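Each reported figure results from applying straightforward, stated rules to the coordinates on display, with no laboratory input. Cβ placement follows ideal geometry from the backbone for every residue including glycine, while neighbour counts extend to all protein chains displayed.
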Amino acid sequence: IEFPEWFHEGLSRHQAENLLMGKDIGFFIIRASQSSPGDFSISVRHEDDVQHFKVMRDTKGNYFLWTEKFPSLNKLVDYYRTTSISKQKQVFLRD
Amino acid sequence: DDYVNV
């Protein structure tokens, strides 16, 4: 619980894939990237696999994945609960 | 590495 425990600390990209393959579509993990220190990544169970998005940022502190921008990560997550996170399939975030 | 949105 709150702070440490809304990201899975110490988890690799492929570990996230391993965990999420055991879950249904739309389930997800937010993690600190190892490949790009100082980035956050969102791993998301799709129909047949697990795919990864990079949390994009600007100089004003906004958060984004595609084009809609948000003043927090939490707001970004909530937006992708009801708008698809994928541009090819319908994938809503669930927890 | 490879990201859906990159």
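Residues with beta-carbon under 10 Å from that of A:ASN62, excluding A:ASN62: net charge, scoring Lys, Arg +1 and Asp, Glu -1?
My count for the surroundings of A:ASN62 gives +2.
Under the rule a/c < 1.5 gives rounded, and otherwise a/b versus b/c splits prolate from oblate, where does region A:1-41 land using the Cα gyration tensor?
Here region A:1-41 falls in the oblate category.
Taking the protein assembly as shown, how many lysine pairs are there with alpha carbons less than 17 Å apart, if each pair must be eight or more places apart or span two chains?
Final tally of qualifying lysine pairs is 6.
Wrap a convex hull around the Cα atoms of region A:34-92, take a quarter of its surface area, and give that in square nanometres.
4.5
Could you give the dipole magnitude of region A:19-95 about its Cα centre, charging the beta-carbon of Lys and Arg +1 and that of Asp and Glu -1, in debye to the nearest 20?
220
How much of the DSSP beta bridge set in chain A is antiparallel, as a percent to the nearest 5?
Bridges in chain A are about 95 percent antiparallel.
So what is the 222 nm mean residue ellipticity for the protein assembly as shown from helices alone, if each DSSP H run of at least 4 adds -39500 (n - 2.57) and you divide by all residues, rounding to the nearest 500 deg cm²/dmol?
Taking each H run of at least 4 residues, the total per residue is -4000 deg cm²/dmol.
Within chain A, which is the longest segment that contains none of the trypsin sites (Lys or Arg not before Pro) sitting in a DSSP loop with at most 16 other Cβ atoms within 10 Å?
Within chain A, the longest run free of exposed trypsin sites (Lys or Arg not before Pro) spans A:24-59.
Which of the three applies to the protein assembly as shown, rounded, prolate or oblate, going by the alpha-carbon gyration tensor with a ≥ b ≥ c and a/c under 1.5 meaning rounded?
rounded
Which net charge results when you count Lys and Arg as +1 and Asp and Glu as -1 among the other residues whose beta-carbon is under 10 Å from that of A:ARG13?
Surrounding charge for A:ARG13 is -2.
List the GluC sites (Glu not before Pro) in chain A that DSSP assigns to loop (not H, G, I, E or B) and whose Cβ has at most 11 other Cβ atoms within 10 Å. Which are they?
A:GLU2, A:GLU5, A:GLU9, A:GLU47
Considering chain A as a Gaussian network with a 10 Å cut-off on Cα pairs, which listed residue, A:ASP78, A:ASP39, A:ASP48, attains the greatest mean-square fluctuation?
Ranking A:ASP78, A:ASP39, A:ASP48 by mean-square fluctuation puts A:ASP48 first.
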